[PDB]
Every structure is written in structure tokens, then in C-alpha cells.
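Basis for what follows: all heavy atoms, side chains included, without hydrogens, waters or symmetry-related copies. Just so we're on the same page: letters track the sequence lines, and every chain starts at 1.
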Amino acid sequence: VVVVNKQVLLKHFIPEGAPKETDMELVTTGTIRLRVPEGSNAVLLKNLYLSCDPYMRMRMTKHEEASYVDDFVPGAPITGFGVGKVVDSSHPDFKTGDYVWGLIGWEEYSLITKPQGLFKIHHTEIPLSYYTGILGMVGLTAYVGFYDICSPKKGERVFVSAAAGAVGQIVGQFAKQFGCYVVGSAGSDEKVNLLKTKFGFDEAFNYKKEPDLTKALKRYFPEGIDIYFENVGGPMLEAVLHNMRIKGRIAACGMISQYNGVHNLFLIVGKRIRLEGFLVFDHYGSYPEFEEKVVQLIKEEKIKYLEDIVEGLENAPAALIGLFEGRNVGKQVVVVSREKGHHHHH
Amino acid sequence: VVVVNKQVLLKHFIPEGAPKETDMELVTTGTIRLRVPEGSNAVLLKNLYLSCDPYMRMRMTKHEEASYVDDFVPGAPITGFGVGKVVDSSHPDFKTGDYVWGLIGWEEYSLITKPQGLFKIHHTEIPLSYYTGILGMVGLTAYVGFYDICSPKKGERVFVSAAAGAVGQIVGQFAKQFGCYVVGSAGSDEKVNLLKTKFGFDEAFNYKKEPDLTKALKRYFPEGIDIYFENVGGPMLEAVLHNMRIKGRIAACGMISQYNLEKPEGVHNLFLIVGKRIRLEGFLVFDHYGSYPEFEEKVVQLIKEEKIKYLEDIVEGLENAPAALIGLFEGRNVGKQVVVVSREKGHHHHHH
Ligand SMILES: NC(=O)c1ccc[n+]([C@@H]2O[C@H](COP(=O)([O-])OP(=O)(O)OC[C@H]3O[C@@H](n4cnc5c(N)ncnc54)[C@H](OP(=O)(O)O)[C@@H]3O)[C@@H](O)[C@H]2O)c1
Ligand SMILES: NC(=O)c1ccc[n+]([C@@H]2O[C@H](COP(=O)([O-])OP(=O)(O)OC[C@H]3O[C@@H](n4cnc5c(N)ncnc54)[C@H](OP(=O)(O)O)[C@@H]3O)[C@@H](O)[C@H]2O)c1
Ligand SMILES: COc1cc(/C=C/C=O)ccc1O
């Protein structure tokens, strides 16, 4: 049994600046046998869904010394988080018909030879695509960032940049449900309005239509900010610092403003601010409890979640690109292949 | 019974910029009564020593929104940290002959109406001047920032800037004795040699003499920096950031390179904070007076056992205080800057 296997490859490395669709290429002639090798310690996956995540951009650029994650290889498939089904296994922990999530290939089928970086999916009542984000890497990020790095108290005043992004939207809800005052910022009036209507943010604003970020935060935060969940960085951070309260905390998840400086750092001393970067890579020990908490929320309908869904691998390169441009409304997902039988969608 | 009471006053609020002598004025006509007001709850001090501290400059500028500390008032005496003797008292916890340290006037005698924010000195055997730095506010800063903010572990690689100053020279010794590798920067060869010889730092470097701070740190930290005790701010900070290890910590104690700039340096590589999982944490010694006792016990014993070294830079007479404060931002001070206002009755102590 030998089948077609479409692939998406890094065409070439790219310099400083912005990725483009043409940095990738779809190849359709390749094939793959539908068993694992004898004597292997591997899992063969039919790839169902793929996440486009902002961090992927970094991996298109060549690094002499190892950044946290290895660079993509020219002529080799793009990889990143996704969800898959075991077509075959020669590793004990995974059986034919199991569903998993983790780093897989941007292709129809992945022979994973490092199976220990996969996680079996225990709730199949939930749409599998959620394990690309809310129940995946993205949710875990929100969860660790917020509960751990921000040390929040019932009553504190929370600001979240890229609030309409996948992490941001989950942070915002965790925080409102913690008894916090929550304000997010975004790139669209469409998204500002989702933050308030769908996601239950107390206020929200479009950063692009604000000529003074510092005064912008002032209107929303008359007594200052306690907790900045930071996805953006740059002049946004300057403005947050200006507006931060005694003993404020900044969780430095990302600085997306910087992928494709700050002048008032000294305010950290006299306001006794804690600024701390964190990486969800270091925190997989918290997954299982994180999983049960967020599963309960969904079943209970105490959390809302929006996915931006694209259909088919060949659509993956533009979706990834749109992500960088803020074209995604909700967590960007690509459907490589839907598993058979069932939700409904509009 | 009335005496002469010299005072240094703030003449005018100043703009963003460097301060100058002529921002303060000496006034020698003033007089003071040597008994607290009747019906008061107060302590009159004869002031013996004053500390020159960098945060003092910020107070010379008007601020519309309150900071941690209140501005100076023009035409009112400058105030800061010092050491005084109780001359008279209508407050029970303070008696005549008691020596104290706290916030006092830049003057010969101060009538303290909030005696609650005074510390009585229990160890009069140690030179009183130490309670302006090592056993005062400054010593506690080193203690809290290093032992608490830095979360150090044996073997860690520690970088301290303004390492030959009041705070840094102490932090380095804490760090050395904690079992850490310790490197400092200072603004001269004199300082550098002090760091290596007197203070036991593993390495030191004259930062004014490095064309590349990033590469300078790379020389001393071939495996990178675990902990950085931030006294300085500015491009040293970025150079540290580039050189910092995974899970590195930065205790933002102060950023003195910035205090006299109308326009502050931008730091450009904060992003590293993410992939290196760094904590950059500011703190204020004012919120930590709770720690004093454990700290005082620990440090008085170190001093008594000569297990910690300490250099003061002494300037004689209240009159030389303005120039001494100004000298801090050019790094004239070599050790902790102290001004001797009036040296207590009873010293029989030699120096060079
Ligand atoms: N540290 C970790 O372990 C970890 C793990 C996962 C994710 N993250 C980080 O969390 C952040 C958001 O993640 P996500 O997956 O939830 O992303 P996302 O929101 O699904 O997508 C990126 C969003 O960022 C905003 N954006 C794009 N370019 C921008 C610019 N130049 N200036 C300001 N905003 C811009 C856009 O929204 P607007 O319409 O709001 O502009 C866009 O929708 C990223 O910084 C990412 O690197 C960190
Ligand atoms: N957060 C708190 O609670 C707290 C409490 C006390 C002190 N502090 C801070 O801790 C730091 C150290 O204070 P200290 O009392 O120990 O002062 P200090 O080091 O005894 O005196 C100041 C020294 O800073 C250095 N310096 C001056 N201008 C500089 C510049 N433009 N660039 C680089 N270095 C410069 C000079 O030494 P060089 O010869 O090396 O240039 C100068 O001798 C200060 O930044 C102060 O604000 C904070
Ligand atoms: C201006 O910020 C500072 C405050 C202090 C004193 C802090 C006491 O808790 C010292 C140096 C500074 O730069």
C-alpha cells in the first residue's frame, strides 16, 4: 500500500524582514509507504490539522548558534504543531487509530522517529482541531503565562496586546474569570468588537487608529496597569510602562512587533516592576491539569473560542503568511484532511 | 539657648540635565533652638554625617504625578540619608545621647516631626559613618537585591556594574562569598584594581576603555552571564542582555547612566528576554525595612570579623556637600560618598 504524499517545503532561507508565500513551495509527485520500517521505533501519522503559529517565522532564517528551536531546512518540509492519526506504530505508547498532537510535517503523512514529543488525545468528543490551539501549545501558553508568570490577584487591572490573537483571546478570558479588569488591543475594528461582544473584554481598542498609545492606555486605565500580558513589545511596551502601577508584572510571551527600542526601562526600578520572558517549551509538566481545566470550561461553555480555518494543504503557505499580516480572525488552522464522520459550521 | 545652623538649600527646580553646584546654596545666618517645641512629639538631632546618594538628583526636578519620593522644595534645605545624635526629644523611644539614622536635613541640626522613620543605632562601637552606607539604606539594598531579587545559586556567573560603588562593592562580596563567579565594571583603573585586590572580585574591567561592551563581557563570560546586578542602565544593559544565559536574572537596582539625560538611551534587544526566559526585576529598598534585623545581624558580624571590606570616600564639612553630590555623576567618588558635618564628641580614630 503506497500513497501520494503532498509536501510543503522551505524553498530557501530568507534575510531579515518579512516572509512571503513564495518562500514556500508545494510538491505533489512524492509518495510514501503506509507502514513503519521493521525494527524502527516510530509512529506513522496521517496528518489531519495544522496550526500556523507566529514563532514559525523565526525558523525560516539561518542561525549560526542554536536559538531555542532549530531552523527549517531548504528542500525539507515545513514542520510545526498539528494533529494526526496513527496509521501504524512500532513505538509502544501509540496504537493504530490513536489521535495525537505535536510537531509534525507540512504534508499528508509523517513518519515521526522521535515519538516522545507527541501527546495522545484523550478527549475525542472535542473537535480535534482544538489540539492545534486552545487545547494545544497556544492554550498552554495562555495558561502558564497568566496563572504562573503574572501572579494575578482578584481585582487587578490586566492589559493584553494582540488580544484578538489566539493566546491573547484565551488570556483575556482566564483573566476576566479570575475577577480581573481586562482590556485588549488589536489591529481591526472587527476584532475590537469581538473582544467586547464575543470574548467579554471590558474594553478594547484598535492600536492603528491611536496616534498616542500612552494616552490611549490612560483612557482605559485611569489608575494604571497591574499586569501586562505582552505579545507585541516595542513602543507598545514603552506606553505600558508609562502606565504601569507599583509592583506591576509583565509576562513577555512574545514581541511580534519585532519579528518582521524602549527608552523608559528605568521606570521598572521605581515602580518595582517584574518583567519576565517565558517559553511554553519548559512547562509541559502542567499540561494534564491544564487540559482538564480547559476541557471543563468548554463542556461548561464558560470559555469562547474562535478558529480561522483554511481547507487543504495547498492553502497553508498563504494562511501562514496572512498570520504575519494579522489577516487571521481567530487561531489560524489548516485542515490537511478531515477524519471521517461527526460538528457543523457556517 | 540658641545656636548657628548652617544649611544647604535647593535654590531652584532644575530641568532634565546634569545638576550643578549652583543649584544649591549655603546659608549660614540661620539659627535653631536646642529644645523641641513644647507639646510636640519630636526629636531634634545634631547631624554628624550625610550620605550622597544618586536618587537625590531626581528630587531636584518638579514632578506633577507622585513618585516613590517627594520632590525637594526650592528654598527648603536639601534632605537625604544621614546619622545624627539626639540633642532633645519629646518622643518616648528616643532619648538624649541616642544616635540614629534616617532621612535628615542637609544642615547642622534637624527637627524631625516624624521620628517614627528613624532607626536607633544599637552598635555604637562601629564607626558611625557606616550607618550612612554599609549599615544604612545602601547596605540593605545590596542585601535585598542580591539575596532576594537575584535568586543566586553556588557557581553562578555574576556581573555587577558600578561595581566599585557603595552598592556594587557590597554585592560583589556577598556574591563572592556565596560561591559565585564575580566580575565588575568601574569607570577607572584605580577602581578596577580596588575591585581585584581589596574586594576580591574575580575579574574587573574599565568600561570607559572598551570600544565594545558586548565583546568585553564575552571575554569575561565565555559561558555567558547568570545574574546581572544592574546599577547602570543604557548600552551596558544591552551588552549584558546579549551575553546572558538561559533563565538569567537582572536585578534593576538603578540606572545611573540615565539620571542626567534629557533623552534616555533606547534598549533594543529586550526580545532576548523571551527566548532566554529572563527575569528583569526592579526593586526599592524602602519597601524592605522589614529585612533590616536579619541583615544587620549578618553584616555587623561580617564587619566585626573583617570578612567584608568597605571603602568610604569622605569629604569634610557640610559646605562640600553640593560638590560631592555632583561628583557622583562623574564618578569622582572612590567608595561610598560621605560628608562629615560634625564629628561626634569622643572619636580617637586615625586615618590617612
Ligand atoms: N513564549 C512562548 O512560549 C509562546 C508560545 C506560543 C505563542 N507565543 C507568542 O504569543 C503571541 C501571540 O500568539 P498567537 O499564536 O495567539 O498569535 P495570533 O494572534 O494567532 O497571530 C498573530 C497576531 O499578532 C498581531 N500582529 C501581527 N503583526 C503585528 C505588528 N506588526 N504589530 C502589532 N501586532 C501585530 C495580529 O493581530 P492584531 O490584529 O491584534 O494586530 C495577528 O493576528 C506571539 O507574540 C507569539 O510569539 C509565545
Ligand atoms: N533601588 C534602590 O533601592 C536603590 C538604593 C540605593 C541605590 N540605588 C542605585 O544603585 C546604584 C549604585 O548606587 P551607589 O549609592 O552605590 O552609588 P556609587 O556607585 O557609590 O556612586 C555612583 C557611581 O556610578 C558610576 N557612574 C556615574 N555616572 C555613570 C554613567 N554615566 N555611566 C556609567 N556609570 C556611571 C560612577 O562610577 P564609575 O567610576 O564606575 O563611573 C559613580 O562613582 C545607583 O544607580 C543608585 O541609583 C538603588
Ligand atoms: C531613583 O531610583 C532610585 C532610588 C534609590 C533609593 C531607593 C530606596 O529604596 C536609589 C537610587 C535610585 O536610582
Side-chain angles (χ1 to χ4, degrees), chain A residues 3-9 26-28 30-32 34 36-37 40-53 56 76-94 96-113 115-119 121-140 166 284 287-288 290-292 294-295 298 305 307-316 319-320 331-339 341-342 344-345:
Chain A
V3 314
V4 170
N5 177 38
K6 286 146 150 43
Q7 300 177 318
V8 186
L9 325 167
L26 179 82
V27 159
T28 82
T31 57
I32 188 145
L34 293 188
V36 292
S40 72
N41 200 66
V43 185
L44 183 66
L45 291 189
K46 197 187 179 198
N47 296 343
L48 305 180
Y49 305 97
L50 297 168
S51 160
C52 319
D53 301 292
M56 299 181 66
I78 304 293
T79 56
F81 300 88
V83 158
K85 176 199 230 135
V86 181
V87 165
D88 202 10
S89 175
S90 70
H91 189 281
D93 303 352
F94 303 97
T96 285
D98 278 350
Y99 292 114
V100 298
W101 74 269
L103 306 165
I104 68 195
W106 271 34
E107 41 173 2
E108 304 184 80
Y109 293 85
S110 295
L111 194 78
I112 306 288
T113 62
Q116 60 286 342
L118 291 174
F119 311 110
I121 293 164
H122 301 112
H123 298 266
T124 61
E125 71 279 32
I126 291 175
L128 294 180
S129 65
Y130 287 22
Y131 287 92
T132 62
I134 186 168
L135 286 155
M137 190 275 259
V138 176
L140 191 58
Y284 283 108
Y287 185 69
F290 146 82
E291 189 186 29
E292 207 222 317
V294 171
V295 175
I298 292 163
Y305 181 62
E307 283 173 324
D308 197 298
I309 298 160
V310 159
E311 302 281 341
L313 195 69
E314 58 289 335
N315 292 322
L320 183 61
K331 188 282 170 295
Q332 186 67 57
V333 167
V334 184
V335 165
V336 177
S337 175
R338 203 166 254 100
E339 69 295 346
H342 279 90
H344 287 211
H345 63 83

Looking at side-chain heavy atoms only, is the closest gap between [X] and [Y] below 4.5 Å?
{"X": "A:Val100", "Y": "A:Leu45", "answer": "yes"}
{"X": "A:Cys52", "Y": "A:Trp106", "answer": "yes"}
{"X": "A:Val335", "Y": "A:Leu313", "answer": "no"}
{"X": "A:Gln7", "Y": "A:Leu26", "answer": "no"}
{"X": "A:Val3", "Y": "A:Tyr109", "answer": "yes"}
{"X": "A:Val83", "Y": "A:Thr132", "answer": "yes"}
{"X": "A:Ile298", "Y": "A:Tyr130", "answer": "yes"}
{"X": "A:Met137", "Y": "A:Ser51", "answer": "no"}

TODO: Tell me, with the steps shown, if A:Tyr49 and A:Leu128 meet side chain to side chain contact (heavy atoms under 4.5 Å, CB included).
DONE: CA-CA 8 Å; A:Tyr49 305 97; A:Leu128 294 180; 3.7 Å; yes
Task: Test side-chain contact (heavy atoms from CB on, under 4.5 Å) applied to A:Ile112 and A:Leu118, A:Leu44, A:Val36, A:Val86, the passing residue - done: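 Answer after filtering A:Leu118, A:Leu44, A:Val36, A:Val86: A:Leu118.
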Open item on the list: Could you work out, with salt bridge (charged side-chain N to carboxylate O under 4.0 Å, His left out) as the rule, every residue matching A:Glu314, not counting sequence neighbours?
Closed with: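 Listed in chain order: nothing, the list is empty.
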- [ ] Can you sort out the partners of A:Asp53 under salt bridge (charged side-chain N to carboxylate O under 4.0 Å, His left out), two or more places apart, ordered by chain and number?
- [x]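 A:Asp53 satisfies salt bridge (charged side-chain N to carboxylate O under 4.0 Å, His left out) with A:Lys331 once adjacent residues are dropped.
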Non-hydrogen atoms of [X] and [Y] that approach each other most closely:
{"X": "A:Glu291", "Y": "A:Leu135", "result": "O-CD2, 4.0 Å"}
{"X": "A:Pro92", "Y": "A:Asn41", "result": "CD-OD1, 4.2 Å"}
{"X": "A:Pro115", "Y": "A:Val43", "result": "CB-CG2, 3.9 Å"}

Rounded at 0.5 Å granularity, tell me how far [atom1] in [X] sits from [atom2] in [Y].
{"X": "A:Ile78", "Y": "A:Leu9", "atom1": "CD1", "atom2": "CG", "value": "7.5 Å"}
{"X": "A:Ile32", "Y": "A:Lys46", "atom1": "CD1", "atom2": "NZ", "value": "13.0 Å"}
{"X": "A:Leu111", "Y": "A:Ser40", "atom1": "CG", "atom2": "OG", "value": "6.5 Å"}
{"X": "A:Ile134", "Y": "A:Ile126", "atom1": "CD1", "atom2": "CD1", "value": "9.0 Å"}
{"X": "A:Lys85", "Y": "A:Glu339", "atom1": "NZ", "atom2": "CD", "value": "6.5 Å"}

Open item on the list: Quick one about A:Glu307 and A:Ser129 (side-chain donor to acceptor, distance below 3.5 Å, no hydrogens or angles considered), yes or no?
Closed with: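 Per modelled atom types, A:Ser129 and A:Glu307 side chains form a pair under 3.5 Å.
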Open item on the list: Could you check whether A:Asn5 and A:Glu108, counting side-chain N and O atoms only, form a donor-acceptor pair closer than 3.5 Å?
Closed with: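 Distance-only check fails for A:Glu108 and A:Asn5.
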Task: Residues in ring-ring contact (aromatic ring centres under 6.0 Å, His included) contact with A:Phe290, at least two apart in sequence or another chain - done: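 With neighbours one apart ignored, the set is A:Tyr143, A:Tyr287.
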TODO: Please check if the side chain of A:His91 supplies one atom and the backbone of A:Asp93 the other of a donor-acceptor pair under 3.5 Å.
DONE: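 The answer is yes, because a donor-acceptor pair under 3.5 Å joins these two groups.
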TODO: Using atom types as modelled and distance alone, determine if a side-chain donor or acceptor of A:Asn47 lies under 3.5 Å from a backbone N or O of A:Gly105.
DONE: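 Yes, A:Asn47 side chain to A:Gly105 backbone: donor-acceptor pair under 3.5 Å.
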Task: Validation row, ring centre A:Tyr131 to ring centre A:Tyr99 under 6.0 Å - done: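 No, too far apart.
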Task: Derivation and outcome, side chain to side chain contact (heavy atoms under 4.5 Å, CB included), residues A:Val333 and A:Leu50 - done: CA-CA 6 Å; A:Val333 167; A:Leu50 297 168; over 6 Å; no
Open item on the list: Taking the basic N atoms (NZ, or NE/NH1/NH2) and the acidic carboxylate oxygens, is any pair closer than 4.0 Å for A:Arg338 and A:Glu311?
Closed with: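 Counted as a salt bridge, because a side-chain N and a carboxylate O are separated by less than 4.0 Å.
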